[PDB]
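Colleague: Right, I'll just put the structure down here and ask away after.
Please note: Cβ atoms are built from the backbone with ideal geometry, for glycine as well, and neighbour counts cover all protein chains shown. Quick note: the coordinates plus some simple rules give every number you see, no bench work behind them.
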Amino acid sequence: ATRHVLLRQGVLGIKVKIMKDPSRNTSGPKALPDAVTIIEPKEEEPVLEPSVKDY
Amino acid sequence: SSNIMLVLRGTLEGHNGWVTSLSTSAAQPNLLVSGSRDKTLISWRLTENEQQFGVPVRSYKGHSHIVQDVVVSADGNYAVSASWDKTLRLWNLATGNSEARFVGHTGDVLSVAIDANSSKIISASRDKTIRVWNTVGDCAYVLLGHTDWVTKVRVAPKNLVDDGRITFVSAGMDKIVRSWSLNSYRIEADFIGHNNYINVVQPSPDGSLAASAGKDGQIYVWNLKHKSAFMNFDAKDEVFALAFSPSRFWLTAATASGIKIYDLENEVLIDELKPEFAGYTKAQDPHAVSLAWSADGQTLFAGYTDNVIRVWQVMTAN
Amino acid sequence: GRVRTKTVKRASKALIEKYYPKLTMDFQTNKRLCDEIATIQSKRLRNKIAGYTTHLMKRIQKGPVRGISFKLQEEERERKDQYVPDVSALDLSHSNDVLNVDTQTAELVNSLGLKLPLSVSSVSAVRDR
Amino acid sequence: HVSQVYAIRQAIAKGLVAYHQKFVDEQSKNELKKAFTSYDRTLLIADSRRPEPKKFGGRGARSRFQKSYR
RNA sequence: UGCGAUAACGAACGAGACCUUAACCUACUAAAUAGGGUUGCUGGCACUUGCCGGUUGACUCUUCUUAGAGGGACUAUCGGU
Ligand SMILES: [Mg+2]
């Protein structure tokens, strides 16, 4: 957002950049293109006998 | 062990990628349809002259990604591939043409399995699902089996007289092998044995035995008709494929090192198969990804990463 | 200059730390796994990451590395440390004879303990450096 | 003209191979492919190169005008 | 740009990623405002069945066309260094 401001002495040039957060952008991507968030893995118990569970 | 010492006879070279699956027809013996990572699918026919044990008859160019698992119908006129482009293709092997493009999966189709009647196809994909198809192109039953990838799905043949339900087992990356039934249209039994992750679940020609294997380097065999626990082999390295033969109670198993061969009940770890390569350094050596026994129980076919179908043969010592 | 970028490398490392199993050498599979896992917005970037992961795996297959020693690796190490190839015998016993100690050493021993196994050396100071 | 000719040639190369794949032995096709490779003036492989955009400050793509500081 | 060596550790910007376009798709979705195939009528040929045509007469196709959705390359596999 640019906007000139006229005053008695002269002009003042106002510029404003607002970097909106990715999560609240909606249109387009919801995250930055370089960021790679990896999900946390889930634990499992090995072995515990061969076993079966029938129906 | 006794007598037979397997010998590399022929080498088939019509691919430019990993030969990810092979399958000889149930009725017809001469055919060998080989599926690969380079999108093609090649029908070989056994000649049995000099080094050329087989030579290529027809290539089936019709996929936009890998051709993972191929199945042949009972008779040996149609074949169903399972590609990485989220589809299957029902071919006309003799004609050199497609027929049924199967749409529905939201993930690369890893395994396919056709019924013994050549009627009801069933396939599994990296989609947490197993879908059931007809011989046309239509999704009938949809199985919400596992929570992780479903790596293999293979139908077990039956003889003892007609229940109605046909049975298969679904390998997964959830560390759970799971048996099914399709006319209850649902579960048989869960075989929660594996420690690491499963690649292969192969039912035998008998049907009552089912060898499961994967990254663990331990091959867990399962009893299917009795629905009970059975043997567990150690194979050191990661298993890419398994293969039962009609000749005996042989269990062939393609490890990361080579191809190990066991007797099932009398547990002895007998023969290893390893061919030669030009140059190379340490722990790479092109390994067998898939392999297939013929209907004779004579010619062993081995799909390798190095674009060759290597052909081993039975030869008695005495 | 195909130097895979820093961020990508970091991502790869993270992946390795997380999921050493479910990262099989070959590439397409690895890529798929990556896609399943982490929220890569791009495609190219994802591919790059996958490649990096594959490379790392390959490296591992020829022995371990720095900044990549997560869980499984530790276990592998740890076991070896626990059950070392050595030691037969004690070792560092009085295997050959009864200790070739110096005169000074012997004296010290005498001063301290009462009766120890000794073999009193001559103590050649020796010429030059 | 030349380009057109090349295209035609490529098409010709393709066509026979395609036919072989369809309705003839695969061995023959393979042989043909091998032959092409041996005398590869593209033929089966489509030519990779398309022209570069003639970006400003220059009469061609890479070429610039002519500076003078005299 | 990284790897390493390191009173520095982990970070941000810039570069990269990103975007657009240029390349591949006999794999999808499509078309008488894009192109073909058979066939009607129809022009000429040789005159056997065959060759080139012209007509938005019909029927059907999507390779080229476009342009939607996707994949596809990550320096991939192997060799040394
Ligand atoms: Mg190298």
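Colleague: Only four residue types carry charge here, +1 at the Cβ of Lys and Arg and -1 at the Cβ of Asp and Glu. Report the dipole size of the range B:9-318 about the Cα centre in Debye, rounded to the nearest 20.
Modeller: 680 debye
Colleague: Turning to a different aspect of this structure: Going by amide H atoms built from the backbone, whose H comes under 5 Å of the H on residue B:4, apart from near neighbours?
Modeller: Answer set, sorted by chain and number: B:317.
Colleague: Using unit Cβ charges (K, R positive; D, E negative) and no other charged atoms, how large, in debye to the nearest 20, is the dipole of the range B:247-311 about its Cα centre?
Modeller: Magnitude of the dipole: close to 200 debye.
Colleague: Turning to a different aspect of this structure: Say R0 is 56 Å: what FRET efficiency, to the nearest 0.05, do residue B:227 and residue C:95 get from their beta-carbon distance?
Modeller: It comes out at approximately 0.40.
Colleague: Follow-up question, since we're still on this one. With labels modelled as points extended 7 Å from the Cα through the Cβ direction, what inter-label distance (nm, one decimal) is found for residue C:110 paired with residue D:8?
Modeller: 11.2 nm
Colleague: Continuing with this model, one more query. Quick one: C:33, B:110, C:118, fewest Cβ neighbours within 10 Å first, how do they rank?
Modeller: C:118, C:33, B:110
Colleague: Compute the Cα gyration tensor for the range B:9-318, then decide on rounded, prolate or oblate, letting a ≥ b ≥ c be the square roots of its eigenvalues: rounded whenever a/c is under 1.5, prolate when a/b is larger than b/c in the other cases, and oblate in all that remain.
Modeller: Numbers: a/c = 1.41, a/b = 1.10, b/c = 1.28.
In terms of gyration-tensor shape, rounded.
Colleague: What nm value, rounded to one decimal, do you get for the distance between residue C:126 and residue B:147 when each label is placed 7 Å out toward the C-beta?
Modeller: The modelled label-to-label distance comes out at 6.9 nm.
Colleague: Show me the trypsin sites (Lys or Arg not before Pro) within the range B:1-103 that DSSP assigns to loop and that have at most 14 other Cβ atoms within 10 Å of their Cβ. All intermediate terms of the calculation are to be shown ahead of the outcome.
Modeller: On the way: sites: B:9, B:37, B:39, B:45, B:58, B:61, B:86, B:89, B:101; in loops: B:37, B:39, B:61, B:86.
Taking the range B:1-103 and a limit of 14 other Cβ atoms within 10 Å, the loop trypsin sites (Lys or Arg not before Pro) found are B:61.
Colleague: Taking the number of other C-beta atoms within 10 Å as the exposure measure, put B:80, B:268 in order starting with the fewest.
Modeller: Ranked by crowding around the Cβ, least crowded first: B:268, B:80.
Colleague: Another question, then. What FRET efficiency comes out for the pair residue C:6/residue C:81, r = Cβ-Cβ distance, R0 = 41 Å, nearest 0.05? Don't jump to the answer; show the numbers that get you there.
Modeller: On the way: r = 33 Å, r/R0 = 0.80.
In this case the efficiency is close to 0.80.
Colleague: Summing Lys, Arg as +1 and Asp, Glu as -1, what charge do residues with Cβ under 14 Å from the Cβ of residue D:56 carry, residue D:56 excluded?
Modeller: +4
Colleague: Quick one: net charge of residue B:263's neighbours, Cβ under 11 Å, K/R +1, D/E -1?
Modeller: -2
Colleague: Each label point is 7 Å from the Cα along the Cα-to-Cβ direction; what then is the distance between the points at residue C:62 and residue B:161, in nm?
Modeller: Roughly 6.5 nm, to one decimal.
Colleague: Per residue of B:56-65, how many C-beta atoms from partner chains lie within 10 Å of its own C-beta, taken as a mean?
Modeller: The shielding value for this peptide is 2.
Colleague: Okay, moving on. For residue B:209, what charge total do you get from the other residues with a beta carbon under 12 Å from its beta carbon, if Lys and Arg give +1 and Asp and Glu give -1? Please report the intermediate quantities before stating the final value.
Modeller: Details: positive: B:225; negative: B:206, B:265.
That sum, taken over residues with Cβ under 12 Å, equals -1.
Colleague: If you rank B:281, B:252, C:24 by fewest surrounding Cβ atoms within 10 Å, what's the result?
Modeller: Lowest to highest Cβ neighbour count: B:281, C:24, B:252.
Colleague: Determine the distance separating the Cα centre of chain D from the Cα centre of the range B:1-54; give it in Å without decimals.
Modeller: 35 Å
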